Every structure is written in C-alpha cells, then in structure tokens.
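Quick heads-up: it's one chain on its own, the form deposited in one PDB entry, in structure tokens.
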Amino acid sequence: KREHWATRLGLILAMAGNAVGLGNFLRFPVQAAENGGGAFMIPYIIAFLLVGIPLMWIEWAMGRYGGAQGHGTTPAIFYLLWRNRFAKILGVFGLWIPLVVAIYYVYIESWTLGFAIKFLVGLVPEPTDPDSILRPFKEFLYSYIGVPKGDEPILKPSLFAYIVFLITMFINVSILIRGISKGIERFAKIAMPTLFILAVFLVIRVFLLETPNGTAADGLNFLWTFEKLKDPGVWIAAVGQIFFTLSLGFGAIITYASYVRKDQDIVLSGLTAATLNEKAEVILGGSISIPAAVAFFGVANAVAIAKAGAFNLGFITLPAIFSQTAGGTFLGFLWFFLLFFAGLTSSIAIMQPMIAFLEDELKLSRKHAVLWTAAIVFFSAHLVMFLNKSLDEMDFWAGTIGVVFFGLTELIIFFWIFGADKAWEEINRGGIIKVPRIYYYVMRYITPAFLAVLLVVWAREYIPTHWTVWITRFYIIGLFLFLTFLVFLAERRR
C-alpha cells in the first residue's frame, strides 16, 4: 500500500538529518554571535522546550494520521483534520513552502560540492591583516556565484558552478528515485554517522588553533556567558532559530511521518531525533566556526564578522582561516564536504512533499514523481542563478515568514479545529513513552502565543525597490497558483 521505514534507527537518523542541513552546522553560532553567548542559550533552549518540542510532535502526529489515510501532503491532511474547502487552499502552502525552498536550497548545496572539489584538487586562492586574506576568497566565491560588480541585476554563474548544479540535482534524484527505504533511509544511515565523525574531527582540530591575535578557547568562552534577556529582541531571534533547528513549518516532518506505520511510536522517536539536532547544533556546530573565527580575528571582531553573514563566515571567512593553518587545504575539503552531505539529507527531504503529492494525489509512479519534481526544481532554479535578489526574496517568503505562519496553522488545525483532546490521543498513541501532560497546556495556549508574537513583530517591521524582486514574487505566486491547479486536478479525480 504505502512505503514504510524499515528501521526505527534509520527513521530517527533520516528525521534528524533533514534539519542538519538547514544551516545549523554554521547557523547557530551566527545567530548566537549576534546575540552573544550565554545570552542566546537561555531563550533558545527555552524556545526549544516551549515551541520546537511541542510543534515537532504536532507535525509527527499529523503526518502519521495522514499516512494511515494514505496522504503524506498538507492539502489532503488539512481536509481530514478540517472538512472545509478553505483548508485545501491553505494546504497548498505546505506544498508551496518546501518547493520554493528547494528551488534555492539545492543551488546553495551545489556551492559546497563545487568548493569541496576545488579544495580537494587544490584549485583554491592562496595568499597578517583580515582584509588582505579575505578579498581573494570573497572574489573566489563571487566569481563562482557570478555576483556582478556592485548593483547590476544579472548574475554570470560559472560554467563549473552550472555543471555542478546538474551533478547535485542528479545525486538527489539517485537517492529519491529509490524511495524511502532503499533511498533516504539507506543514505541517512550512511550520512549521519559520516557527519558525526567529520564534525567531531573538525571540532578537535579547530580546538587546537592558536594565533597571536587570539585563541580558539576564547571563542568557546564567548558562546557560554541579561540585560539582553530583558531586551525583547533576543526572544525573537531564538524562536525563529528553533524552526531551522528542527525543520518546523517546512512540512518535511509531516511527509516523513506519513511513512510511519499506524501504531508505531512518535513520542520517543521524535524527541530522540529532536535531541540529535540539539546535540549536533549546540556542540558540533558551536565549536567549529566561531572558535576558529575568534582564534584568528580576536573575540571582538568575530561578533562583528558574524553580523556580516553566514555565507561570509561559512564560504569566505572560514576557508580563509584554513588556508593559513597547517593542512590546511584539507580542512576546507572537510568543512564543505560536511556541508554538502548535510545538504543532501535536507535537499532530499525538502523535495519529498512534492514527490509524495504526485504519488498520493495524482497517482504518478515514483519514478515519474521524482523526475517531474526534479524538473520543476531544476527549471525554476535558473531564476535564482541569474537574478541578483531572487535567492533573498524566496528565502524571505518561503524560508522565513512562511515557515512560521505555517507552523501556526498546524497548531490551530490540529489542536483547535480538530479538537485538542482528540489530538492528544493521536500524539501519544502507541508511544513507548508518552508526553508530559504539562505540554497539553503549552501546545494549546503557550506555543500558539509565541508563534503569534513572532508574526506581528515582523509585520510591524515589514508592513511598510529593485525591479528584479517583482519577477521573483510574480514567479512564486504562479507556483502557488500552479500547485492549486494540481490540488484541483487531483480533487476532481475522485
């Protein structure tokens, strides 16, 4: 009937693996560094317990419920929880958001593969002061991406970058066309321990760094210790970070859970996978980028450096640091290959909702479903590769506002429209362990308030222009119109 996860471990590794690629290998330190160290940890762990842990369980319960019904996509599951025609249109978001993200994320996943190859081969620029070293790497990334000089709205991507984009798309297709058990699960069971050893090695190797300008021990000292706690800005930063910590709102959790059998546990399994992301992110992610950045530029600059961006830190600053340390070019290969494997576990997960839609609703073969999903993602990506602000616009609508708005939609449908006490049964059913019943009050009231707070602060910021962003808006609007036509074509089949 429906493909199911062969192993309980592989299910956890695959579920843990999708949030691994969502930046947090380098993303947590930047968001920390902006908020400082032990400042960030208190709202962030609190947000992890208050928002991520409940909302994750909400996503698991919705997906498995749909799997028994035979649907792993949001438009159908929303209709099962809420028998209303507006629910299917809202469901298109949970199909729209991962698709738009996939369009721009797989291309970023190519950059790690292309760099790793160039670092492996040694085709890397090699040069006291920060500006002397960072410029040859800024140009190296910019030549690769094809970023134009200054303002110009057209990118000239490298042929090498384009050839790698074909290879990158192909590798996903290879993993996806095999299915859940022989594709994602086999790869997750391979990729996740590969990431552990790579991170642990890098963490140990980063730990030994020391320069006349600073010491990597001070970078760790930075990460662990008001009045930032009193400043409302930090609570905003941590909650949005939890979404990427656990891949909430992207709809990836809902789809993977649909392949869980009707009576298998989600409580212990989801908590475990949620814990794996935390340990990887707090320990392995925190002890690489910032401690290395602090060791070379001093404690003060890395904070200012991290404010510039994660790409500057991840794709320019960190590779420049490795070039100066002893061996050296090899570390750059590891760091980017580490990012590439993490991207694979996520890119295969972020394209799964679209694939499951074609199989479940349009009754396409998985071979056809994967290839038509790959074609949509590959074709649309040309918009991201050649338009200057296109990547940023999609990431703002799908990756930022959308994931928060969609998570808030999940709670209201599953815990309010569906019936909270009805839903509490679905979370804990077949659970090896079962949720503490304090969360019933948190899932019902405390968690939705926080998601509501997050949306209004951004609306306060963004309720009040380059032309190229309108093309990107116009395009993703059509995608939503297109996916609505597919929900319409599928609802008229029966």
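The term rigid core refers to the maximal set of C-alpha atoms that superpose within 1.5 Å between the two forms. Quick note: we count residues from 1 along the sequence shown, nothing fancier.
In what follows, reference is made to the form solved in complex with a small molecule, a form of this protein that is not presented.
- The partner is absent here; in the deposited bound form, the one residue of 423, 252, 355, 273 having a heavy atom within 4.5 Å of the small molecule is 252.
- The three marked residues, 222, 286 and 289, fail to reach the small molecule in the deposited bound form, with no heavy atom of any inside 4.5 Å.
- Heavy atoms of residue 258 never reach within 4.5 Å of the small molecule in the deposited bound form, leaving it off the interface.
- Residue contact check for residue 244: one or more of its heavy atoms lie within 4.5 Å of the small molecule in the deposited bound form.
- Residue 105 belongs to the set of residues with a heavy atom inside 4.5 Å of the small molecule in the deposited bound form.
- Residue shifts between the shown form and the other one, rigid core superposed: of 327, 193, 122, 233, the only C-alpha displaced by 2 Å or more belongs to 233.
- Core-superposed comparison between the shown form and the other one: the C-alpha position of residue 38 differs by no less than 2 Å.
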